[PDB]
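Some notes on the structure that comes next.
Protein chains in written order, with the authors' numbering: chain A, 45 to 482, 589 to 978; chain A', 45 to 482, 589 to 978. A prime marks a further copy of an entry chain.
In structure tokens, the structure reads:
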């Protein structure tokens, strides 16, 4: 078997006739029955109507300068006007091309120029896309809009002007010359290769493929004249044209025109107009099958559901069978070059043949079809895949003005090569299989993050050189504040300084400075300006000193520092201390900063919490963290009233600490000290105002509740379970401890509450004893001490020999900062 | 082949003799030659010395209450004293156990009690570990320390006291009863199963295994009496004892005692003492082979390198062969229960046999060995793996006071089951194969992070209800500031307000407030206190209003908010605006806060940059970001001097915006608006002081350089390439734009510089025109506008139809914030 044929006999095809003479050959039988129904509005043209009007329109096509064998273009959605214009083009001997109204002035202008369009039938809304071709190219424009009170763009004709009677153009009933090979329809293709080409379909051709379909005693595709054929598919597409319009007309059927598809409108029109034949697409059948709307409308009238250009998945076919028991289903197989039709399901025939699912139907009659091996001319046999070829009078004359591709796709023997591939089984059904054919957010984000836990690489500390010992402090303070007159109060401050558990403290503020700026020593006198002048200059310098120690320990280049977190209690100004420190150190201006101003004693945790996330989320990010505290912000004379301020004056001292935090340590030069595992914050309820401060014209004033130690002790345990429960640790004496030494009273409270071994808070208490309360910097100093003592004493980890640790900050508003640490093993 | 034997004949073994009578049988031949050499110090005991002293020590062992068949314990490193004491124990008829000095009082006390130790020989430094047993258990203690000017713990005897001559104890030359089955050595084992057991090795036994090794005309292990045998292995371990001490002594060899191993000391002692036989361990041979030290010392004297309890990897064996050409290598196979020796390499024999690499040697002579199938009693044959059993007089008498395990490990027929497995090849060499045997930081960290890019879920905005229009503002301002007298200046402010491109602005500060607080309106009068009172109350409230809109849009529970970032220009106080807002909203107290105070107009970028990292690094983290600006901080009267302050008074207005930022949006209710891709910051050089402000007793004062627009325009392009080069985008008109509308002049400058389409800054300029300059909140408002207009106009993305975007903040110190955004597709 080299050559394949239809299972139906050859029929007589009168292809010597002009398309309109053939389509309408039988019109006397159909004359008064409905031909075109415009579904939405209900308008009906009859067969007589269509014939008469189409002829008059040809006649006036002449008047407008359209002559035999020059082209007319149709830019329209489905509508009666489309059919009338096409037929008219044929009656004239002229040629009809169509385009999608939803194209662009570019595609459309291109097609119109390629085809030599001498005129265009469109709606009003599309006229601007074709403006160029109307103005400079002289193309005549016609609008189908029938509303006489709404004007149309100037230079445009009402379609109603072409339906007008003039008998003198009807002496052009001719030509008595109209030839089988004359071109009638000129559709455009996606193409066998690339760029869209004009397909020339002739009178002989179309007459042939229509007869192939609907003609015979047993038609391949059976249409009665009592059928109502739905045409919701685009008429610009050759499928709709041929297999709906031309065929429908030839048989005397009603054609139900839907300008636009919507599922409910479709169901409505089916029930109302009793549509018997529904050509559709897969998206449409899907929509029908999915919707629960079907149960309402009576659909029993549809006897044929034909898929053109679309294959059902056999999930659908079942859905359909349910929704339409009376419907037979099937697919044609089209190609524009092929005329369009090649195979038609024989299930559609008047006396129907068996069909298999997934089949494209059988090749049409009065045609031959072969299956070649690609790149060889050899013909294959049944069930052997291969490029599908067809030959018969119904195929295209050729590509317009392109004999190159015309000879490339239609070979010397007359075979049109589709460029598709398929096989034909024993039952003569044809199956399609294939065609000639055979940095993002998700990544960027994972590239950008960093792999490991944030670790502390280096620590450094700095103090003012001015140092004052507690043994001396009550005296010194009542001296330099010119308060010596209040003896009752100095006697109390003495006790406070003794119970304070502080030995020495390093303090920038000096007696000389108070001689020069007595308003600072005054209990309340406006000091703010001078304090600000002093601390805005000093805080960055002290910060630099510490940052420099840390950077020296770390040993890598400053340019490798990617982030700078700077905490200080006051000295607000802009640009701030972050800018200033970054210029002192000569960091890259591209360093990303966080300026923490007015945070409190808890900020020690805060900066670590801040650096963790910065380091962990940025590849190769190294984070320089600097806390720098100066007490000139906070210093003031005594009053018998505010005892809280007095306690403060005994506890607070100046100091600075700097930490370098990163992820994924190289381990060539870097030495991990601790790991930041989890970081947590909470505030306690009804404690706002327990640790608290206000920036006033007298400087920063601060306040303490007597109950702070108790308030902390209450919540510490909850903080702990909250942080360590995920790690399965209940035993808190197994953790190495770092607590903000807010005051000895807080420490005593906590240890008594959790029953900590007397030695857990040893490092903390050391830092308090030697340096005082440095606010945020404190816990940093303590880490330093811890690791130093752990090294100095040859212990298994940097954590006092133990694996896990906790770091607490405590602050006003009773914000509590809970950081979980992992020690690091030492080589001992 | 059920039973396996040595390739050497059976020899005569005189096991009827006591161990000391056997070892020293031949001493007349050796009497004056060196027996023990203490390597580090050079002291030499001779054979006569050792014999005589050991006997006297037995004699005084009696005086101390040690009687036949009761136990003596040796806690010591390698030293002459160890050998002398062991022999003494044997001479007495007593029994000797040893332990590691490096054990703990627990292990040691346990072993001493288990064994019925009636006395202990140790160094001084270990005496505290045995204090209990000296005091309450009555155990006699002896220290080997010879330094007479340094005392030893009280109740302790000098070892030199046991070497003293007393003839009356020598009437105990006896017993004339000392029996083959009497126990002499009592070492402890890791055990065949679990808990450590005492192994009873008898006189018969040890005499047997020593003869098995060194006796014969062709000894399994060949030692001359001119040999010098290194004993750096622990003498408490039975291997060292048997195969070094006992064997060495039997043959008349010198024994070089190393108390401690160090590689150089070892090489030194080899070269000096001309060590011929070096029993070692794998770690030691490794160390030798690795070190480049060997080339210095003459090692040619070592003729035998014997690995006991360790197998070489044949990488080593080569290293050795190089370092010691003259050395033959081999391994014994020991087990404590086995006496210790089972197999010995026959390469060691006087007339040596062929040996294969990886072999454990051949089973010893006067013994039999079988290979059983485990859990069956069946005997295997050559090259068939199986549990190794041995039988002969050299195996243990049994486990002390444990007939259970004694019968479990030594069966009825007399076979000791090792509990190891191996095979014996055709050549009679034995091979060992096996034994009876057959939540972290890395995770927690990946569990804890969040998968996707930070996205904006919701936005909300709030303003004060008081609104003032620019058309009215010059008048209003000179009115309420009681400045109407300066006409020249009002005329200039008019121009400034006109060129300002602002239409209206929303402003908390009202005329009434200035009637009540004229110091605010005064150009410079102390205002700080009152301003602070007003903004500390207002900023959180306005913030709440906006945060509430955003939270309503988002639609999920407040409890799901995990982080709060709060930016405001001033109003510093503690607890701060973050605390206050968090209580207003009723957020969880465990919400993690960032309080950004005194940041500037750039902080718009800053908060986004801050939230990105917070959201991206925390699983299920949802971040509430609130910027809230009030101009009562910044408001003041005019002066002919500071024009910069005047410009400010025309541009700045109050406002608040709130954003919700998270990673991994659910997509059930959540609706992503933008994505935060990259966030960058930089400062420009020599621009500190171009945008700048200082908090004084008069309120916040601010300053502007005329050149700010130019300074920004210079660096904007660099910022862009820096951010977008990784994304391969050169075309900036393809980005949707958000710029801080610092002033119209800045905008004009930027667009002119990059040549932006007139419409890129449209949204930005709208927000400026409607709201003024809200500082940090501005860019937030702009995003809101952008997405709203993009939706309102049905565009492909939330980004004005475009995929990628840029957000700029600009601030004092010329810090510039560059955020890269990705739009989000809209369903249109």
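Cβ coordinates follow ideal geometry from the N, Cα and C atoms, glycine included.
Complete runs of the beta strand (DSSP E) confined to the region 383-442 of chain A' [at least 3 residues]: 385-388, 412-416 and 430-435
Inter-residue CB distance, residue 913/A' and residue 935/A' (contact presumed, cutoff 8 angstroms): The residue given as residue 913/A' occupies position 763 in the second chain. The residue given as residue 935/A' occupies position 785 in the second chain. With 8 angstroms as the limit, residue 913/A' and residue 935/A' qualify as a contact, their Cβ atoms being about 5 angstroms apart.
Backbone CA spacing between residue 932/A and residue 656/A [nearest angstrom]: As a first step, residue 932/A is located in the first chain; it is residue number 782 there, counting from the start. As a first step, residue 656/A is located in the first chain; it is residue number 506 there, counting from the start. Distance between the alpha carbons of residue 932/A and residue 656/A is about 16 angstroms.
Proximal residues of chain A', C-beta to C-beta of residue 676/A below 8 angstroms: Here residue 676/A corresponds to residue number 526 of the first chain, with the count starting at 1. Residues of chain A' passing the Cβ test: 676 and 847.
Residue 82/A' (DSSP reduced to helix, strand or coil): Counting from 1 along the second chain, the entry for residue 82/A' is found at position 38. Strand at residue 82/A'.
Cα-Cα separation between residue 564/A and residue 129/A, rounded to whole angstroms: Residue 564/A cannot be placed in this structure, since chain A goes from 482 to 589 without the numbers between.
Length at least 4, wholly inside the region 820-862 of chain A': the alpha helix (DSSP H) runs in chain order: none
Sufficient close CB pairs (3 or more, under 8 angstroms) joining the region 239-252 of chain A to the region 341-356 of chain A: no
Extent of the continuous beta strand (DSSP E) to which residue 777/A belongs: Working through the first chain from its first residue, we reach residue 777/A at position 627. That run of the beta strand (DSSP E) goes 772-779.
Endpoints, beta strand (DSSP E) assigned at residue 706/A': Counting from one through the second chain, the residue named residue 706/A' turns up at place 556. That residue, residue 706/A', is in no beta strand (DSSP E); it is neither H nor E in DSSP.
Proximal chain A residues relative to residue 739/A', where beta-carbon distance stays under 8 angstroms: In the second chain, residue 739/A' corresponds to position 589, counting from 1. Those within 8 angstroms of residue 739/A' in chain A are 832, 833, 834 and 835.
Residue 362/A' at chain A interface by Cβ criterion, 9 angstroms: Taking the first residue of the second chain as position 1, residue 362/A' is located at position 318. So no, residue 362/A' is outside the interface.
Proximity test, Cβ basis, 9 angstroms: residue 384/A' and chain A: Here residue 384/A' refers to the residue found at position 340 when the second chain is read from its first residue. It does not; no Cβ of chain A falls within 9 angstroms.
Stretch-stretch touch, CB-based, cutoff 8 angstroms, three pairs: the region 596-605 of chain A' with the region 762-780 of chain A': yes
Reduced DSSP category for residue 153/A' - H, G, I as helix; E, B as strand; rest coil: By one-based count along the second chain, residue 153/A' stands at place 109. Note: residue 153/A' maps to helix in three-state DSSP.
Assigned secondary structure, residue 923/A' (DSSP; H/G/I helix, E/B strand, else coil): In the second chain, the residue the question calls residue 923/A' occupies position 773. Residue 923/A' falls in the strand class under three-state DSSP.
Buried versus exposed, by CB contacts within 10 Å (16 or more), residue 590/A': Start at 1 with the first residue of the second chain, and residue 590/A' comes out as number 440. Result: exposed.
Rounded separation between residue 652/A and residue 869/A - CA only: To locate residue 652/A, count along the first chain from 1; it is residue 502. To locate residue 869/A, count along the first chain from 1; it is residue 719. Roughly 27 angstroms separates the two Cα atoms.
First through last residue of the beta strand (DSSP E) which encompasses residue 967/A': In the second chain, counting from the first residue as 1, residue 967/A' sits at position 817. Where residue 967/A' is concerned, the enclosing beta strand (DSSP E) stretches over 965-972.
Test: residue 806/A CB closer than 9 angstroms to a CB of chain D: Included in the structure are the protein chains A and A', with no chain D among them.
Test: residue 687/A CB closer than 9 angstroms to a CB of chain A': Reading the first chain from its first residue, position 537 is the one you call residue 687/A. Chain A', which has no Cβ nearer than 9 angstroms to the Cβ of residue 687/A, makes this no.
Unbroken stretches of the alpha helix (DSSP H), 4 residues or longer, contained in the region 354-382 of chain A: 360-367
Among 822/A', 953/A', 102/A' and 205/A', nearest to residue 215/A' - alpha-carbon criterion: For the purposes of this step, residue 215/A' is identified with residue 171 of the second chain, where counting begins at 1. Among 822/A', 953/A', 102/A' and 205/A', the Cα nearest to that of residue 215/A' belongs to 102/A'.
Whole-number beta carbon distance between residue 117/A and residue 141/A, since they are thought to touch under 8 angstroms: Residue 141/A sits at position 97 when you count from the first residue of the first chain. Residue 117/A sits at position 73 when you count from the first residue of the first chain. 5 angstroms between Cβ atoms; contact.
Cα-Cα separation, residue 323/A to residue 336/A: Taking the first chain and counting its residues from 1, the one referred to as residue 323/A is at position 279. Taking the first chain and counting its residues from 1, the one referred to as residue 336/A is at position 292. Cα to Cα, the separation comes out at about 21 angstroms.
Terminal residues of the alpha helix (DSSP H) in which residue 798/A lies: Counting from 1 along the first chain, the entry for residue 798/A is found at position 648. Run containing residue 798/A: 793-801, per the alpha helix (DSSP H) assignment.
Extent of the continuous alpha helix (DSSP H) run through residue 316/A: Position 272 of the first chain holds residue 316/A. First-last of the alpha helix (DSSP H) with residue 316/A: 307-317.
Own chain residues within Cβ distance below 7 angstroms of residue 796/A, not counting five before or after: The residue given as residue 796/A occupies position 646 in the first chain. Here the set comprises 643, 646 and 788.
Spatial distance of residue 674/A from residue 850/A (CA atoms): Mapped onto the first chain, residue 674/A falls at position 524. Mapped onto the first chain, residue 850/A falls at position 700. Those two C-alpha atoms are separated by around 11 angstroms.
Neighbourhood of residue 676/A by C-beta, 7 angstroms cutoff - its chain only, sequence neighbours within 5 removed: Counting from one through the first chain, the residue named residue 676/A turns up at place 526. Only 669, 847 and 848 meet the Cβ criterion.
Local conformation of residue 742/A' per DSSP, three classes: What you label residue 742/A' is simply residue 592 of the second chain in a count that begins at 1. Three-state DSSP puts residue 742/A' in a strand.
Distance between residue 970/A' and residue 827/A' (C-alpha atoms, nearest Å): Within the second chain, residue 827/A' is the residue found at index 677, counting from 1. Within the second chain, residue 970/A' is the residue found at index 820, counting from 1. Straight-line Cα distance between these residues: approximately 5 angstroms.
Interfacial residues, the region 399-423 of chain A to chain A', with Cβ spacing under 9 angstroms: none
Buried or exposed (CB count within 10 angstroms, at least 16 for buried), residue 238/A': Numbered from 1 along the second chain, position 194 holds the residue referred to as residue 238/A'. Exposed, because fewer than 16 other Cβ atoms sit within 10 Å of the Cβ of residue 238/A'.
Segment limits, beta strand (DSSP E) that includes residue 350/A': If you number the second chain from 1, residue 350/A' lands on position 306. First-last of the beta strand (DSSP E) with residue 350/A': 348-351.
C-alpha distance - residue 430/A paired with residue 467/A, whole-angstrom precision: Stepping through the first chain from its first residue, residue 430/A is reached at position 386. Stepping through the first chain from its first residue, residue 467/A is reached at position 423. Each residue's alpha carbon lies about 7 angstroms from the other.
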